[PDB]
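Chain and residue survey
Take a look at the letters that make up each chain.
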Amino acid sequence: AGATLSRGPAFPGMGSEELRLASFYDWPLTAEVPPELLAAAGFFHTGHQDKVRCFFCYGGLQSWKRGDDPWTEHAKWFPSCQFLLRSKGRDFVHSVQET
Ligand SMILES: [Zn+2]
């Protein structure tokens, strides 16, 4: 019983936080979340608005707002992301899912 989550990042090149940070060179003025937090949480910027995708699970998120925690949003929407899980642990993700 049970298929396994594949281990390959959706976008291995964006596996680097530094490179993910570069993607936010045009992260909008009206956008309310710091790129550093987004890049740290595995997200890189796509498009020209405020859309991001996780380099690993490819979870796509937009409509970012003051206070929005990237790591939390990550756990909220993409709880099985192996990047999120290695970085924040099983406890953290469960803690976000159970609320
Ligand atoms: Zn992810």
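About the cut-offs
- Sequence order sets the numbers: each chain starts from 1, possibly unlike the entry numbering, and residues with no coordinates are not included.
- To obtain the side-chain values, all non-hydrogen atoms of the structure were used and water was disregarded.
- Two strands pair if DSSP finds at least two bridges between them.
- By the criteria applied, helices consist of DSSP H or I runs no shorter than four residues and strands consist of E runs no shorter than two, each listed in order from the N terminus.
- Coordination shells were defined by N, O and S atoms within 2.8 Å of each metal, extended to 3.2 Å for Na, K and Ca; water is absent from the atom set, which can make sites look incomplete.
- Square planar and octahedral assignments, for four and six donors respectively, both demand that opposite donors be over 155 degrees apart and that all other angles lie between 65 and 115; tetrahedral needs four donors with all angles between 85 and 135 degrees, and anything else is irregular.
- Relative accessibility thresholds used throughout: buried, under 20% of the residue-type maximum; exposed, over 50%; partly exposed, between the two (1.4 Å probe, protein chains only).
- We call two residues in contact when some of their heavy atoms are within 4.5 Å.
- Polar contacts, as counted here, are pairs of nitrogen or oxygen atoms within 3.5 Å of one another; within protein the pair requires one atom able to donate a hydrogen and one able to accept it, and residues that are adjacent in sequence qualify only if both atoms are side-chain atoms.
- Angles here are taken between N-to-C directions and fall from 0 to 180 degrees, while the axes themselves are lines fitted to C-alpha atoms, restricted in helices to the stretch in contact.
- When an angle is under 35 degrees it counts as roughly parallel; over 145 it counts as roughly antiparallel; between 65 and 115 it counts as roughly perpendicular; any other value is oblique.
- UniProt positions are given in the numbering used here, feature names are shortened, and annotations may be inferred rather than shown by experiment.

1. Let's talk about the sheet that holds strand 3 (residues 60-61)
Taken in spatial order, the three strands make up an open sheet running 1-2-3, and their pairing is antiparallel. Strand pairing shows two members of the sheet lacking a second neighbour, strand 1 (43-45) and strand 3, which therefore form its edges. With two bridges connecting them, strand 2 (residues 52-54) and strand 3 associate as antiparallel partners. Bridge pairing in strand 3 links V52 to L61.

2. Quick word on the coordination of the zinc ion
Taken together, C54 (SG), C57 (SG), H74 (NE2) and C81 (SG) make up the protein donors of the zinc ion, found 2.2 to 2.4 Å from the metal. Classification of the site at the zinc ion as tetrahedral follows from its four donor atoms and the range of 95 to 116° in their angles at the metal. Sequence spacing among the residues donating to the zinc ion works out to C-x2-C-x16-H-x6-C.

3. As for the environment of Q97
Take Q97: it is sitting in helix 4 (residues 82-97). We classify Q97 as partly exposed; its relative accessible area is 40%. Not counting residues within four places of it along the chain, the set of residues in contact with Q97 comprises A75, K76 and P79. At 2.8 Å, the side chain of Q97 forms a polar contact with the backbone oxygen of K76.

4. Details of the packing of helix 3 (residues 70-77) against helix 4
Interhelical geometry of helix 3 versus helix 4 gives an angle of 70° and a closest axis separation of 9 Å. With respect to each other, helix 3 and helix 4 are oriented roughly perpendicular. Contacts between helix 3 and helix 4 pair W71, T72, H74, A75 and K76 from the former with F83, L84, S87, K88, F92, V93, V96 and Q97 from the latter.

5. Side note on helix 3
Those residues of helix 3 that sit buried are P70, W71, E73, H74 and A75. Of the surrounding secondary structure, the elements contacted by the buried residues of helix 3 are helix 2 (35-40), strand 1, strand 2, strand 3 and helix 4.

6. Regarding the UniProt feature "binding site: Zn(2+)" in the chain
According to UniProt, the positions carrying the feature "binding site: Zn(2+)" are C54, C57, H74 and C81. Annotated residues spanning 28 residues; largest pairwise C-alpha distance 9.6 Å, indicating a single compact cluster. Mapping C54 onto the fold places it in strand 2. Structurally, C57 is set in the loop between strand 2 and strand 3. Residue classification places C57 among the partly exposed positions, given a relative accessible area of 27%.

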